[PDB]
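Chain naming here is simple, since letters A, B, ... match the order of the sequence lines and numbering starts at 1 in each.
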Amino acid sequence: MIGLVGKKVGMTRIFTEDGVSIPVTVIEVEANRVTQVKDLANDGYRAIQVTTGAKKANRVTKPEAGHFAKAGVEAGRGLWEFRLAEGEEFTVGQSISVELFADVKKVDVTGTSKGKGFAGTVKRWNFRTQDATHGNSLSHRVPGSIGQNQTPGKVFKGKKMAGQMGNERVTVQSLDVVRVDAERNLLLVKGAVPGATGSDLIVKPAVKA
Amino acid sequence: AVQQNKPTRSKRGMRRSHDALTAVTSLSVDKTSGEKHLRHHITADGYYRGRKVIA
Amino acid sequence: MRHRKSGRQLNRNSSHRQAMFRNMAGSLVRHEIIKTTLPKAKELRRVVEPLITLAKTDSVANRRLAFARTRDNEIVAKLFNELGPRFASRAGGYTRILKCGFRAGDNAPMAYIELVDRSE
Amino acid sequence: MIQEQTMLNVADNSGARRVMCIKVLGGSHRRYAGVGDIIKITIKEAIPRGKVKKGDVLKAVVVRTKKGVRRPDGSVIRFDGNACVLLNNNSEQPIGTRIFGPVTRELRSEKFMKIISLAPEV
Amino acid sequence: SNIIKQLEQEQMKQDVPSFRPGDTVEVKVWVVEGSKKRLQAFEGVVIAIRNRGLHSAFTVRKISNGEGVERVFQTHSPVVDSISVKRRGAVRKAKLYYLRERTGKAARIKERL
RNA sequence: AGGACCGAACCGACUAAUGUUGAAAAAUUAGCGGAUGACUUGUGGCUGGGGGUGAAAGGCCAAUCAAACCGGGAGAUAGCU
RNA sequence: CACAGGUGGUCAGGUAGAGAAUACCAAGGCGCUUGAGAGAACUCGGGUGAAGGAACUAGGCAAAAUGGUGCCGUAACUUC
RNA sequence: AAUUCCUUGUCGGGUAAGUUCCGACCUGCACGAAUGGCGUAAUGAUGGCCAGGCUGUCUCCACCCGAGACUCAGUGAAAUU
RNA sequence: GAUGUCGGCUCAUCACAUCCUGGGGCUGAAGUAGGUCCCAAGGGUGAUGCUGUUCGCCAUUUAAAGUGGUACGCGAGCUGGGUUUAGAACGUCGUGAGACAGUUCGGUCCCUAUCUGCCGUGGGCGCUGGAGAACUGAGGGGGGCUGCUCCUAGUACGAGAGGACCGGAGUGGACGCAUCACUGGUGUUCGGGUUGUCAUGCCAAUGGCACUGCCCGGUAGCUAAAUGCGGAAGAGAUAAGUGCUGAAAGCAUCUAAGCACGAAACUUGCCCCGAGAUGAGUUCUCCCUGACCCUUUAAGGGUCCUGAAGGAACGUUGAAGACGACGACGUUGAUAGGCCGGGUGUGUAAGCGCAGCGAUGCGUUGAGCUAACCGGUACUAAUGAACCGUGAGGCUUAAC
């Protein structure tokens with residue numbers, strides 16, 4: 001089934017009456033406004049394109065403005081697409097709200113993880129550090145060997161090395177839905193989700209269940 | 001640690017393909033003195049956005 | 001990583017930054033306009049403006065704090081006697097930074113920082 | 001968190017005074033043992049006329065750690081030292097007959113009912 | 001952060017007594033031993049207070065049955081039933097971690113008047 | 001009193017890292033040993049190459065030692081490259 | 001080499017300190033002939049660390065630890 | 001044994017785990033009495049072992065602080081081919 | 001006219017003659033267990049005592065502690081204990097100088113990366129008028145392990161001891177990933193104590209320096225030791241193996257026709273990248289429809305007027321980032337600083353009074369201060385320009 005686009009508000013706890021603390025992530029899910037419906041005949045597949053939030057009228061270009069005007073909806077801060085199953089249908093201009101998840105109890109949350117910059121092999125790939133003492137020469141956190149010898153004669157593609165870490169799209173699967181609060185546009189899921197505070201989150205019903 | 005063959009002059013100019021400088025091409029004009037200056041910078045005569053600021 | 005951290009270290013250790021900014025704040029107070037690198041300004045503000053805020057209200061304790069931050073009695077006197085009264089109704093933002101080119105010796109980006117009044 | 005070479009105090013009247021963890025058993029490459037975990041130990045010090053001798057190798061259950069345990073609340077209970085109770089190597093039953101110092105709630109597992117009953121507290 | 005603020009505000013207790021590090025408090029905690037739900041008392045010295053809104057916590061140190069034990073309580077948890085101050089202590093610090101190395105006469109805290 | 005003891009100068013040199021086109025053709029930094037003695041240091045002199053001098057290591061003899069350097073024999077010789 | 005190396009003697013102020021040790025200063029003399037930014041891996045030289053505690057390694061290498069004075073007390077052995 | 005190849009001999013001690021150590025036996029391939037034998041107080045920057053203390057040596061690393069590395073302006077090498 | 005040796009370390013990749021887990025036939029397979037053979041590489045396959053050691057032997061684990069190849073994989077990655085220089089001694093040998101795959105003690109490991117190879121990060125062009133987005137999926141990668149308990153069930157079995165197949169359920173270990181509610185670490189950028197000394201004329205009150213002088217705490221950020229999640233279910237085609245109907249070869253016979261099954265392999269399914277997928281794709285939207293002249297004439301070139309969508313530059317900046325890039329913002333403004341209010345951390349500031357001979361206490365007073373946190377606020381800085389990018393987009397056929 002489709003999902004909704006929200007933003008990571010932060011993280012807190014919920015105390016249950018039987019003395020259990022549930023670490024929850026607070027996701028603010030405003031109304032998602034359908035801006036385009038893609039169908040098999042015209043686009044080759046079935047999906048809806050949604051928008052959410054708001055954007056400053058000076059920051060929206062007339063290409064984007066014209067695209068929004070065709071749907072007859074207000075400008076949002078972006079556009080996302082959701083693949084449609086066989087059953088459901090939607091109409092352009094329709095708004096979808098958080099009570100979509102009223103009876104779901106597992107979600108998959110996708111976001112852009114925090115960017116770690118250029119990271120070494122110890123941090124990025126959990127490589128073991130070498131000896132801190134006992135004669136070690138300038139080689140406390142270096143990767144060590146990277147290949148065999150003349151017989152391969154090259155470094156194998158996909159070798160684990162230092163480089164960019166984080167700042168990439170990550171999905172976390174099968175999160176408990178703790179609370180759906182329609183009037184506050186809030187969704188509370190158990191556990192941590194990728195991304196820093198204030199970043200966009202894509203919430204979908206769990207695919208594996 | 002060191003080359004096995006002398007690189008050609010071709011590879012030299014191919015590396016310097018990215019070393020070219022870029023001109024500013026965007027001088028602003030003060031509304032009072034009419035002087036040219038860098039955008040968001042004091043003019044040589046001490047004006048900024050039409051106001052005498054240094055002297 | 002540097003997430004949400006604040007404060008340039010300016011290729012200096014802590015005590016040297018503290019001393020340099022104390023001296024520079026004294027200079028700005030006595031002269032009301034000085035010329036430094038653009039990165040040293042934008043850090044002077046975070047030092048000098050709190051002293052003016054402190055000087056808006058005059059008391060023995062506040063003068064002692066100002067003297068602790070800038071160990072110069074002339075600077076404390078001028079602060080509490082002129083700059084506090086001059087900026088009594090100003091809600092922050094007592095300084096201006098004006099980019100003014102590049103330094104001949106090392107091509108460092110220069111800037112002028114001044115108090116917004118300077119008796120104009 | 002108890003690992004190999006960790007020294008432990010003895011929380012029963014079996015006779016041992018100091019024991020050292022020989023193996024955190026119950027898995028491959030397993031690193032630590034918390035409260036309620038079973039470990040194999042050697043006896044480094046014992047009283048002259050106890051039921052166990054120095055250098056004996058046998059099992060034990062960890063009942064107090066100064067890393068502590070966490071409750072579902074999020075609270076934590078820490079102790080001032082690490083203590084264990086000696087168990088027979090084959091039948092994992094306590095050797096001693098008195099239990100000294102408080103124990104914690106995690107031992108209620110139908111396997112350590114003797115320790116819970118004999119303990120002074122919790 | 002207004003919405004998280006309000007979400008936490010809904011959950012806070014309104015009857016938390018005021019106490020300081022160095023006081024002797026007695027805490028009642030709910031204990032479940034099957035189908036029976038009980039109150040257990042834990043009395044000791046408050047050696048640390050983390051007051052962080054809903055996430056506030058405080059540490060209580062007790063010498064029980066020969067050796068020291070300290071519990072970090074989660075204030076606003078429903079597990080904590082009631083907190084009562086039995087004696088006011090007079091100390092200079094906010095975190096009384098030095099008490100861990102001190103016992104008997106050396107661990108006494110003078111009463112605050 | 002002491003080829004006493006601790007410990008500065010001073011004289012050495014056990015270990016570690018660093019440096020290795022070095023700041024240096026053997027150093028720097030942190031420790032380390034001795035430190036009234038078989039001690040160290042200044043200024044002169046004296047011993048010369050199959051020779052000196054050596055509490056010994058084939059050590060040292062002007063960043064050169066199973067035989068110093070400079071010039072001659074000498075365009076030594078080389079079934080070898 | 002305007003080279004972090006070597007180079008005999010003389011003088012020796014104050015406050016702490018047994019001291020020509022050492023901390024801070026006096027007289028004096030300097031800031032070391034490239035600087036300005038960013039605040040990556042990794043390197044170098046430091047600081048701090050939960051539970052553990054040599055399990056590390058060829059090996060406690062390295063780190064950490066002890067330290068001062070008065071006073072009490074001190075083992076085998078001994079060439080006293 | 002600074003010697004014993006075999007050999008990690010054997011036995012005892014120390015550890016949970018001991019080709020090391022320490023004490024025995026003699027089964028000295030191949031110790032032996034001034035190219036000294038055997039002990040020995042003290043002493044050694046001597047060699048081998050076991051304790052305690054102590055700790056990031058390690059389990060396993062994590063942060064903070066400087067100096068580089070990155071970038072900019074000035075200057076401007078080398079090995080090598 | 002030089003291809004560094006062993007072991008450890010860090011990092012590996014592959015083969016299958018598969019150690020574990022999976023499938024199956026035969027048993028001298030009652031069960032529990034096995035044995036032996038066949039198929040099968042998807043994942044996993046100990047850390048310690050001695051020794052320089054690979055090994056070995058131990059003492060305890062484990063689901064299991066596979067075996068080989070890779071210059072006995074790996075020193076322009078590291079170590080250097082061993083072996084293999086120059087000092088010295090011992091046993092032995094030689095008259096001796098010296099020797100000894102006998103022993104012992106001590107004994108300089110340089111390399112600023114051009115090219116390929118790999119991990120990251122960008123430009124230039126193309127993509128056929130340009131632009132803003134959003135897409136698709138053709139291919140690539142990643143993951144892909146297992147214990148224990150309980151129920152079925154003391155049921156089947158045995159004869160009793162003992163004890164299932166088949167089904168499930170819940171919690172672990174190793175491992176990866178996100179994050180920081182909690183709990184901890186760090187926090188030289190926040191407060192407090194305290195030692196020596198030097199200043200602020202002096203007292204008080206402060207500052208400088210002694211490793212942040214030594215310290216006790218601690219905000220944000222980051223972290224792990226903290227906590228959430230996840231390696232599939234299910235398909236499709238199969239391997240070993242098992243069958244159904246069924247002749248050749250009246251019978252038979254899994255195979256020849258024909259019809260079924262069957263494993264952690266395979267292909268998907270879970271996750272990531274991705275049209276330079278030159279084979280450069282797709283949908284929606286935005287913008288430009290003025291002349292003139294010269295000729296080789298051709299998909300030609302200038303000139304004047306015009307410049308649009310958009311983009312860049314510059315500036316305020318960032319839980320983005322070596323640098324680019326990336327994201328928000330420029331007054332139609334909260335993008336940063338300051339400012340206001342709070343929070344938080346430290347713990348009752350200065351000044352004054354009081355008590356005491358004084359040190360000191362006490363009160364005003366939980367007071368004062370408070371980095372990066374939250375919620376605000378135009379006070380300061382985000383300036384009109386300008387710059388780039390155009391003037392309706394080739395040809396041919398076929399449809400309409």
Does the structure show a Watson-Crick or G-U wobble partner for I/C354, both distances under 3.5 Å? Name it, or say none. I/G361
Between the base of I/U206 and the side chain of C/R71, is there a donor-acceptor distance below 3.5 Å? yes
State whether C/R63 places a side-chain N or O below 4.0 Å from either non-bridging phosphate oxygen (OP1 or OP2) of I/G351. no
Counter-base of G/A62, judged by Watson-Crick or G-U geometry with both distances under 3.5 Å: none
Here, do the bases of G/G59 and G/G60 lie with ring centres under 5.5 Å and ring planes under 30 degrees of each other? no
Applying the 3.5 Å rule to both hydrogen-bond distances, is there a Watson-Crick or wobble pair between I/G69 and I/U13? yes
If pairing means Watson-Crick or G-U wobble with both distances under 3.5 Å, then the partner of I/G394 is none
Can you confirm whether F/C14 and F/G31 pair in Watson-Crick or G-U wobble fashion, both distances under 3.5 Å? yes
Taking atom types as they are modelled, is there a donor-acceptor pair under 3.5 Å from the base of I/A71 to the side chain of A/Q150? yes
Classified sugar conformation, F/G58, by whichever sign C1'-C2'-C3'-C4' takes: south
Re I/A291: Watson-Crick or G-U wobble partner, both distances kept under 3.5 Å, found to be I/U303
Watson-Crick or G-U wobble mate for I/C20, both contacts under 3.5 Å: I/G43
Can you tell me if the side-chain N/O atoms of A/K114 get under 4.0 Å from OP1 or OP2 in I/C222? yes
Do D/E4 and I/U48 have a side chain to base donor-acceptor pair shorter than 3.5 Å? no
Complement of I/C339, any strand, by Watson-Crick or G-U distances under 3.5 angstrom: I/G376
CA sep, side-chain torsions, deciding dist, call: C/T53, C/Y94, side-chain hydrogen bond (donor to acceptor under 3.5 Å, both in side chains): CA-CA 9 Å; C/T53 300; C/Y94 320 111; 3.1 Å; yes
State the pairing partner of I/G327; accept Watson-Crick or G-U wobble contacts with both distances under 3.5 Å, and report none otherwise. I/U317
Go through residues 156-173 of chain A and report each residue with a non-hydrogen atom lying under 4.0 Å from RNA chain H, sorted by number. none
Give a yes or no on whether I/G243 and I/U155 pair, Watson-Crick or G-U wobble, both distances under 3.5 Å. no
side-chain hydrogen bond (donor to acceptor under 3.5 Å, both in side chains), paired with A/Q49, selected from A/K38, A/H67, A/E81: A/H67
Is I/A350 a north or a south sugar when classified by the sign of torsion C1'-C2'-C3'-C4'? north
Determine whether a donor-acceptor pair (one donor, one acceptor, N or O, separation below 3.5 Å) exists between the side chain of B/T25 and the base of I/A313. no
